[PDB]
């Protein structure tokens, strides 16, 4: 609904706000995406590296099969087969570790919005704060999202964190 017309006059005390648009627009939110993107790239690199070693050991074994004893072949293939399974198990662990890192981070961003929202709410003298997901069109004057992004950027521009660990359980 890209509107190119006239809005009625701003209503006193009515304010509108978009949580998602605010995080996406904020410096801290962008810092989180960049950091998560980094952590994901580092996980991919980890698993790709390990896999290359496994494929090398498989080719090594295949080229050797008609040289070593059947007993030794069975032994080495069994070992390699177990390493392969643990790699898949790792892939799945990391995926959940990443998803939890993502949530912990967003959850923390939402915390940082609490105060900026309150500041702008009072500055603008709102009696009510509507969620943008409930409004299809409105006089942009009543949307306080940007003011809040400014209020937040003044308070925080970044957030440092590492991948969440789920191996300890």
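Numbering follows the first chain given and starts at 1.
Could you check the entry and say whether 65 to 73 or 33 to 41 has the higher mean CA B-factor?
Between 65 to 73 and 33 to 41, it is 65 to 73.
Would you mind checking where the Cα B-factor of residue 112 ranks among the modelled residues of its chain, as the lowest, middle or highest third?
Highest third, going by the recorded CA B-factors of the chain.
Lowest, middle or highest third: where is residue 15 by Cα B-factor in its chain?
As the PDB entry reports it, the C-alpha B-factor of residue 15 lands in the lowest third of its chain.
Going by the recorded CA B-factors, say which third of the chain residue 118 sits in, lowest, middle or highest.
Highest third - that is where residue 118 ends up once the chain's C-alpha B-factors are sorted.
Please rank the C-alpha B-factors of the chain's modelled residues and tell me whether residue 81 sits in the lowest, middle or highest third.
It falls in the bottom third of the chain.
Place residue 103 in the lowest, middle or highest third of its chain's C-alpha B-factors, as listed in the PDB entry.
For residue 103, the deposited C-alpha B-factor lands in the highest third.
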